[PDB]
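Inspection log for the structure reproduced underneath, given as structure tokens.
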Amino acid sequence: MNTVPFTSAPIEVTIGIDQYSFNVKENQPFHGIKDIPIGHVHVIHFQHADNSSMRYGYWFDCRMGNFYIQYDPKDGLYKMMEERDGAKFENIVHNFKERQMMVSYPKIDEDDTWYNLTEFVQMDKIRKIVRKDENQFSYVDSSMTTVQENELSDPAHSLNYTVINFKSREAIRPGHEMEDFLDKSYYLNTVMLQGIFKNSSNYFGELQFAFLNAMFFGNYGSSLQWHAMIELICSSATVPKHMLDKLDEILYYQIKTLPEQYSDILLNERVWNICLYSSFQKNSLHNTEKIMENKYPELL
Amino acid sequence: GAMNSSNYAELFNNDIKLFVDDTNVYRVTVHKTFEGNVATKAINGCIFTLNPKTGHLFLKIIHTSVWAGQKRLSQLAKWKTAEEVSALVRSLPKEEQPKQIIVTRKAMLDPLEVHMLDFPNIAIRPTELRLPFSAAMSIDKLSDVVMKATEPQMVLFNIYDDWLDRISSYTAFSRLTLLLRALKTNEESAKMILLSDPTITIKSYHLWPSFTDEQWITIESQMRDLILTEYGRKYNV
Ligand SMILES: O=C(O)CCC(=O)c1ccc(F)cc1
């Protein structure tokens, strides 16, 4: 297990770590989070008590370096930093661990929730969507726009998700207009899977990353991207069978984890009714259909 | 966006535009089979593509062979319409290409948009006007060319005859829409009004009779009376 220490907590803040969250009071003696399960990406996220504007956070992998959080009073946020002095770093954490100034990542042993939400998410792929090459971790916030959103405005601060547009020349072969618009299999399998993503694992990783950015930061363009990537699969008559089975599992855990009180805003009625009841794959998402019907029957 | 009554004068400005109506593309007769089921038989159709400023009607005749062996014909019909309009715009030189194409039914929007991806500068728009272009087939010469077709064919007409020599496009469109509404509301009565009098004839290349200006006023009043008369018959007014 690895550790994200904090220099301090000078401002009152709700801290997120993956799907967990806890409150820290202004100048409470907090020095971070320990026992973080190795083998997964993680996300540490922040919502200030005195200004819920700008949820923000960092995607990181403890295998890639020693990272800590320090408040910057000038820019007004908790910043992630990398410490290269490894023995310095261990020395600091051990003192914080000895004084019990760190919360423990509260992972139940039965519980695979985080694995199931991040199965295909890799740090190297995150760092290509979020471009800041000097850091091994990636900053995302509530307000960052996506490349596609910026085509319809500081490119350095943008989410470079793969653009999906059903009425674009990329999606529609000259001479196959009706075919390709009503059956997106060409766009899914040739343009996206074989051409851009190379395999379904990269596709699902971007889909899972988009969902998590929507859920944890309220990032609107991330929510658009997650729905577009679901719709493109569901709107395809020809999808490898293992892809459909895995999608059902991926979506089931996303719907299971979504806060019930955020459903009115995180779920697009049109996309979901189309995918579950009218689409080519309307019968291929049994687990997702069952949780959506039992948990959010109003949306449908 | 949509075209309506506030921006009605825009139809007659100098931006080339085309109305497209697909309501007579896929046409069928419904009949009983020997086993007592119901069966359809397609008959020839047409796309009604009209530039409102000039009166130019690009009548693409849809021959029944295009439906042979095809499924979901009502859906295919929209995409076939969009294919043909796209082919028409490609056939014209850049200076005769529309800036806007207005579809009379919103179901034509996605088909036409997808077929016209190569033409990002041509706006594809619905309209809130209820245009009676379905009654094109009540015009005898147009009906005749469509039903006689033995193969796909593009037949060209001025839907205003030579009215633009004496009236504005705005007025010519108003006249056309009143005539077509009347033909749509009571076809037999409308044709009676138009052809009651034998000494007013239809010139060899024209669709409508050669009414003088004063006779057109009389005809227009009779057409209005017909619409009002049918509206009263309908609603018991
Ligand atoms: O403007 C006129 O009066 C003559 C030309 C004309 O009526 C026309 C109609 C259809 C077409 F495709 C091309 C020309």
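If you read the sequences in order, they're chains B and A.
Taking the entry's author numbering, I'd label the letters of the first sequence as residues 1 to 152, 170 to 317.
Taking the entry's author numbering, I'd label the letters of the second sequence as residues 1833 to 2069.
We treat Cβ as the ideally placed atom computed from N, Cα and C, and that holds for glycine.
Taking a Cβ-Cβ cut-off of 9 angstroms, residue 44 of chain B has no neighbours in chain A, whose nearest Cβ is about 43 angstroms from it. Secondary-structure assignment with DSSP links residue 1859 of chain A through a beta bridge to A/1875. For residue 268 of chain B, same chain residues with a beta-carbon under 6 angstroms away, outside a window of 5 residues either side, are 305 in chain order. A heavy atom of ligand 1 is found nearer than 8 angstroms to the CB of residue 1888 of chain A. The C-beta of residue 2013 of chain A has 16 or more other C-beta atoms within 10 Å across all chains shown, which makes the residue buried.
Taking C-beta atoms as the reference points, residue 217 of chain B and residue 257 of chain B count as a pair closer than 9 angstroms. For residue 233 of chain B, the distance from the CB to the nearest heavy atom of ligand 1 is not below 8 angstroms. Closer than 8 angstroms to some heavy atom of ligand 1: that does not describe the Cβ of residue 1965 of chain A.
Here residue 2024 of chain A is exposed. Its C-beta has fewer than 16 other C-beta atoms within 10 Å. Residue contact with chain A for residue 74 of chain B: absent (no Cβ-Cβ distance below 9 angstroms to any residue of chain A). Of all C-beta pairs linking the segment 43-60 of chain B to the segment 75-85 of chain B, three or more are shorter than 8 angstroms, placing the two stretches in contact. Linking residue 127 of chain B to residue 211 of chain B through their CA atoms gives a straight-line distance of about 21 angstroms. Cβ atoms of residue 1977 of chain A and residue 1893 of chain A come within 8 angstroms of each other, at about 7 angstroms. When secondary structure is reduced to three states using DSSP, residue 227 of chain B falls in the helix class. Taking 8 angstroms as the cut-off, the C-beta of residue 1850 of chain A does not count as close to any heavy atom of ligand 1. Taking each of A/1958, A/1873, A/1907, A/1914 in turn and checking the Cα distance to residue 1837 of chain A, the smallest one comes out for A/1958. For residue 1945 of chain A, the C-beta contacts it makes with chain B under 7 angstroms involve 184, in order along the chain. Residue 227 of chain B sits buried, since 16 or more C-beta atoms from the chains shown fall within 10 Å of its C-beta.
The C-beta of residue 1950 of chain A comes closer than 9 angstroms to at least one C-beta of chain B.
For a Cβ distance threshold of 8 angstroms, residue set 184, 198 of chain B lies close to residue 1942 of chain A, ordered along the chain. Rounded to whole angstroms, residue 41 of chain B and residue 222 of chain B show a C-alpha spacing of 11 angstroms. Selection A/2051, A/2030, A/2004 evaluated against residue 1884 of chain A yields A/2004 as nearest (Cα-Cα).
Look at residue 209 of chain B: its C-beta is not under 9 angstroms from any C-beta on chain A. What residue 189 of chain B touches in chain A, judged by beta-carbon distance under 7 angstroms, is 1946, 1949, going in chain order. Contact fails between the segment 1915-1928 of chain A and the segment 306-316 of chain B, because fewer than three Cβ pairs, one in each stretch, are under 8 angstroms apart. According to DSSP, residue pairing for residue 13 of chain B in a beta bridge involves B/24, B/48. Short note on residue 1996 of chain A: C-beta closer than 8 angstroms to some heavy atom of ligand 1. Residue 298 of chain B has no beta-bridge partner at all, per DSSP.
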